[PDB]
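Participant: Protein chains in written order, with the entry's author numbering: chain A, 166 to 220; chain B, 166 to 275; chain C, 1 to 27, 27A, 28 to 211; chain D, 56 to 110.
All residues carry an ideal CB built from backbone N, CA and C; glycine is no exception.
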Amino acid sequence: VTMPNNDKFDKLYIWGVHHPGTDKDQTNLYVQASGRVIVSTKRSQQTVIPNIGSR
Amino acid sequence: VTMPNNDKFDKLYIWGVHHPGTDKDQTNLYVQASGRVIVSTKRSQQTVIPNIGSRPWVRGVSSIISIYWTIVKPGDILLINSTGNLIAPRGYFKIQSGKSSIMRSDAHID
Amino acid sequence: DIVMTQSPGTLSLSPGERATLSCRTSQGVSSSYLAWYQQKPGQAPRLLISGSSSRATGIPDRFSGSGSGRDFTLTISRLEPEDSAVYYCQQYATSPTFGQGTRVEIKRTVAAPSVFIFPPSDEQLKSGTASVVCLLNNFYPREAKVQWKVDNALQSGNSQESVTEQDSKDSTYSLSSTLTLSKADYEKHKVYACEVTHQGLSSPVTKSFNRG
Amino acid sequence: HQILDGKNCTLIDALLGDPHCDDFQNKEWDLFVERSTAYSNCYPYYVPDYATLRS
Ligand SMILES: *[C@@H]1O[C@H](CO)[C@@H](O[C@@H]2O[C@H](CO)[C@@H](O[C@H]3O[C@H](CO[C@H]4O[C@H](CO)[C@@H](O)[C@H](O)[C@@H]4O)[C@@H](O)[C@H](O[C@H]4O[C@H](CO)[C@@H](O)[C@H](O)[C@@H]4O[C@H]4O[C@H](CO)[C@@H](O)[C@H](O)[C@@H]4O)[C@@H]3O)[C@H](O)[C@H]2NC(C)=O)[C@H](O)[C@H]1NC(C)=O
Ligand SMILES: *[C@@H]1O[C@H](CO)[C@@H](O[C@@H]2O[C@H](CO)[C@@H](O[C@@H]3O[C@H](CO[C@H]4O[C@H](CO)[C@@H](O)[C@H](O)[C@@H]4O)[C@@H](O)[C@H](O[C@H]4O[C@H](CO)[C@@H](O)[C@H](O)[C@@H]4O)[C@@H]3O)[C@H](O)[C@H]2NC(C)=O)[C@H](O)[C@H]1NC(C)=O
Ligand SMILES: *[C@@H]1O[C@H](CO)[C@@H](O[C@@H]2O[C@H](CO)[C@@H](O[C@@H]3O[C@H](CO)[C@@H](O)[C@H](O[C@H]4O[C@H](CO)[C@@H](O)[C@H](O)[C@@H]4O)[C@@H]3O)[C@H](O)[C@H]2NC(C)=O)[C@H](O)[C@H]1NC(C)=O
C-alpha cells in the first residue's frame, strides 16, 4: 500500500510490528510464518523482521 | 529461563551470541540450524539473529561472539528465550553510579 | 485545524433545475471521511451524505455526493420547493469541522404581497404603548419596501420588522412591520398607513385605518 | 504558556492511543506535563528510540 503526501506539511506516521509468544500464535493470527515489514520512502528505509518468542 | 530482580538495586547482565564460521560448526555445537536469541524485560527488548560465516582468524578460531548487556530494575525480570547460539550470563554485576571513572595512561602509579 | 470553505454563499434556482454546491478544504481530506447536511430554518441538521458519496437512509437519489482531496461537491439533480435550506459540509478525518453554509433559494413566479394593517388594541393602549402592525403576506421575491405614514407623514427610527424564511411548500415570504409609538403620540394623530412597494405590483399599495 | 496536564497518561501512551488517554486525542500544548503517577493499560510495547520520539 502507498500513501502519498500531497499536502504543504510533513506527515508523521506511527506504526508497529507484532512479535508473537509462540509459533501457533503466529499462524493463528497471520496464516503465514514469520515474514517481513518494509516501510520505505524516498529518504528513509525501515525493515523489520518479526521475532517470535516468549515475552 | 527467567531471573527476577527482587533486590534493592539494579542488576547488570553481560551476555553474548556466538556466530560460527561454517554451517557444520553450527550443527555440531547446536544441533539446530541458526536460530534466535531473545532477551526481554519490562523496559527493554533485545533480539539477535546469529549470522554464520567465515570471520578473521583469531587464535585457532574463524568465528566470533557478539557481546550484549542488559540492566534489570527492581521488580523487573530478566527473561531469556533462546533457540541456540547463546553465550549465557552466569549472574549479574551490581551496577551503580558515582565518583568512579576510567583513564588511559602509561604513567607509573606511585 | 481543517477549514471548510463553501461555494457559493447563496444559490437561487427554480424547481426542476440542478443545484451544484462546492466545498474547499485546507487539508487533503480522505473522501471516506466527509459528510453533507441539510438544515431547514429552525430544524436540526439532516444527514444527507456520509463517506462523501454514500447516501444516508431516507435520503432521495436526487442528492449526489462527490469529490476528493480538497475539492468536494453536492449535487441536487431535481430541485423541489422543499429543498429551500442551508447546506453544510463536514470533515471527520480529525475532530469534526463544518463549513459556513450555502443558502439555497427556490425560485417562484413573482407574487405580490397580500397587505393587511392592524391598529393597537385598547388593551395595549392602556399600558402607554401604541404599536401598529402591517403584514405583507405570501410574496416573492423577498425584496419589499414598507413605509409608515402618520397623518400622511413618513415615520422613521420607530419601525422594526422581520421576515419569515422561504416556505417549503409554496416558496413565498411574509413580512411583519411594527410601528411603535407611545399612546400619547398615537393620540396626536388619526391617520395610519402602510405603503408597500414590490415586484409583483405595477404600482405601490397603501393600506390604512383611521382613529386616533 | 498553554499547559496540558498529562495526568495518568504518558506522552507516548497519549500518542499511540491507549484507551485511558482518549481525552488527549488531537490536543495541543506549549508544555506537556508528565506525572509520576502515570501508567499504561494496553498491549505490551517497546519503542526503540523512545526518547527521540517523545522529544
Ligand atoms: C574465508 O576466508 C579466509 C581468508 O581466505 C579464511 O581464513 C583462513 O582460515 C584458515 C583456517 O580457518 C587459517 O588457516 C591457518 O591459520 C593459522 C595462521 O596462519 C597464519 O600464520 C601466521 C601467523 O602465525 C601468519 O603470519 C600467516 O600469514 C598465516 O596467515 C595457521 O597457523 C593454521 O595452521 C595450523 O592449523 C591447521 C589446521 O587448521 C593445521 O593443518 C596446520 O598444520 C597448523 O597446525 C599446526 O600448528 C598448530 C599451532 O599453530 C598446532 O597446534 C598443530 O598441531 C600443528 O602443529 C592454519 O593453517 C588462515 O590463517 C585464515 N586466513 C586469514 C587471512 O585469516 C577462511 O578459512 C575462509 N573460509 C573458508 C570456509 O574457507
Ligand atoms: C488516575 O489513576 C488513579 C489511580 O488508579 C485513579 O484513582 C482511583 O480511581 C478509582 C476509579 O475512580 C477510584 O475507585 C474508587 O475507589 C473508592 C475507594 O475504594 C478504594 O479506593 C482506593 C483505590 O483502590 C483504595 O486504596 C481504597 O483502600 C479503597 O479500597 C470507592 O469508593 C469507589 O466506589 C465507587 O466510586 C464511583 C461512585 O462514587 C464509581 O466509580 C463506582 O460506583 C464505584 O463503585 C471507586 O471504587 C480510586 O479510589 C482512585 N484512587 C484513590 C487513591 O482514590 C484516578 O481516578 C485516575 N484518573 C484521574 C486521576 O483522572
Ligand atoms: C521459546 O521458549 C519456548 C519454551 O517452551 C520454546 O517452545 C518450544 O518450541 C519448540 C519449537 O516449536 C517445541 O518443539 C516442537 O515440539 C514438537 C515435538 O518436539 C514438534 O512440533 C517440533 O518438531 C518439529 O521438528 C521437525 C524438524 O524440522 C519439523 O520439520 C516439524 O515441523 C516438527 O514439528 C518441535 O520439536 C517445544 O514443544 C516448545 N516447548 C514447549 C514447552 O511447548 C520456543 O521454541 C522458544 N523459542 C525459540 C527457541 O526460538
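For D/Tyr100, go through chain A and note every residue whose CB falls closer than 8 Å to its CB, in chain order.
Facilitator: Reading the fourth sequence from its first residue, position 45 is the one you call residue 100 of chain D. Those within 8 Å of D/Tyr100 in chain A are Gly181.
Participant: Can you tell me the Cα-Cα spacing of C/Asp60 and C/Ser67, whole angstroms?
Facilitator: Within the third sequence, residue 60 of chain C is the residue found at index 61, counting from 1. Within the third sequence, residue 67 of chain C is the residue found at index 68, counting from 1. When rounded, the distance between both Cα atoms is 20 Å.
Participant: Does the Cβ of B/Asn246 lie closer than 7 Å to at least one heavy atom of ligand 3?
Facilitator: To locate residue 246 of chain B, count along the second sequence from 1; it is residue 81. At least one heavy atom of ligand 3 is nearer than 7 Å to the Cβ of B/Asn246, so yes.
Participant: Any beta-carbon of chain B closer than 8 Å to the one on A/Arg208?
Facilitator: Position 43 of the first sequence, counting from 1, holds the residue named residue 208 of chain A. Not one chain B Cβ lies under 8 Å of A/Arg208.
Participant: With the cut-off set at 8 Å, would you say C/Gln154 and C/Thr177 are in Cβ contact?
Facilitator: One-based indexing of the third sequence puts residue 154 of chain C at position 155. One-based indexing of the third sequence puts residue 177 of chain C at position 178. No, the Cβ-Cβ distance between C/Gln154 and C/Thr177 is not below 8 Å.
Participant: Can you list, in chain order, the residues of the region 71-88 of chain D whose Cβ is nearer than 8 Å to any Cβ on chain A?
Facilitator: For the region 71-88 of chain D, which is checked against every Cβ of chain A, the residues closer than 8 Å are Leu71.
Participant: Where does the unbroken alpha helix (DSSP H) through A/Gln197 begin, and where does it stop?
Facilitator: In the first sequence, residue 197 of chain A corresponds to position 32, counting from 1. Premise fails: A/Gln197 is in no alpha helix (DSSP H) and is neither H nor E.
Participant: Show which residues of chain B have a CB atom less than 7 Å away from the CB atom of A/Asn216.
Facilitator: Taking the first sequence and counting its residues from 1, one reaches residue 216 of chain A at position 51. By Cβ distance, chain B contributes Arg201, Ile203 and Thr212.
Participant: Name, going along the chain, the residues of the region 237-256 of chain B whose beta-carbon falls closer than 9 Å to a beta-carbon of chain A.
Facilitator: Cβ contacts with chain A: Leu244, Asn246, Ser247 and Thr248.
Participant: Does DSSP classify D/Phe79 as helix, strand or coil?
Facilitator: Walking along the fourth sequence from the start, residue 79 of chain D turns up at place 24. DSSP places D/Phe79 in helix when its eight states are reduced to three.
Participant: Per DSSP, what are the beta-bridge partners of C/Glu104 in this structure?
Facilitator: One-based indexing of the third sequence puts residue 104 of chain C at position 105. Its beta-bridge partners are C/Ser12.
Participant: Does the distance between the C-beta of B/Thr187 and the nearest non-hydrogen atom of ligand 1 fall short of 7 Å?
Facilitator: Within the second sequence, the letter at position 22 stands for residue 187 of chain B. Within the cutoff, so yes.
Participant: Let me check understanding here. Comparing Cα to Cα, which of C/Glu17, C/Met4 and C/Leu46 lies closest to C/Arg24?
Facilitator: In the third sequence, residue 24 of chain C corresponds to position 24, counting from 1. C/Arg24 has its Cα closest to that of C/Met4, out of C/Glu17, C/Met4 and C/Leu46.
Participant: When the Cα atoms are used, what is the spatial distance from C/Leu46 to C/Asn209?
Facilitator: Counting from one through the third sequence, the residue named residue 46 of chain C turns up at place 47. Counting from one through the third sequence, the residue named residue 209 of chain C turns up at place 210. Cα to Cα, C/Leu46 sits roughly 52 Å from C/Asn209.
Participant: C/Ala143 by DSSP, collapsed to three states: which one?
Facilitator: For the purposes of this step, residue 143 of chain C is taken as residue 144 along the third sequence, with counting starting at 1. Coil, per DSSP.
Participant: Verify the contact flag: A/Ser219, CB atom, against every heavy atom of ligand 5, threshold strictly below 7 Å.
Facilitator: Ligands present in the displayed structure are limited to ligand 1, ligand 2 and ligand 3, and ligand 5 is not among them.
Participant: Near ligand 2, which residues have their beta-carbon closer than 6 Å to a heavy atom?
Facilitator: Result: D/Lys62 and D/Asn63.
Participant: Do B/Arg269 and ligand 3 come close, with the Cβ less than 7 Å from some heavy atom?
Facilitator: Taking the second sequence and counting its residues from 1, the one referred to as residue 269 of chain B is at position 104. Result no, Cβ not under 7 Å from ligand 3.
Participant: Spatial neighbours of C/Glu79 within its chain, please: C-beta separation below 8 Å, excluding the five flanking residues on both sides.
Facilitator: In the third sequence, counting from the first residue as 1, residue 79 of chain C sits at position 80. Taken in chain order, the residues that qualify are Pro15 and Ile105.
Participant: Can you check DSSP and say which residues form a bridge with C/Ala19?
Facilitator: One-based indexing of the third sequence puts residue 19 of chain C at position 19. In the DSSP output, where bridge partners are listed per residue, C/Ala19 has C/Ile75.
Participant: For C/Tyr87, which option in C/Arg77, C/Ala152, C/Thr93 and C/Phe71 has the closest C-alpha, if you only look at C-alpha atoms?
Facilitator: Working through the third sequence from its first residue, we reach residue 87 of chain C at position 88. If we check each option's Cα against that of C/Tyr87, C/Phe71 comes out closest.
Participant: Which one of C/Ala129, C/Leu33, C/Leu174 and C/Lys125 has the shortest CA to CA distance from C/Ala143?
Facilitator: The residue labelled residue 143 of chain C in the question sits at position 144 within the third sequence. Ranking the options by Cα distance to C/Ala143, first place goes to C/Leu174.
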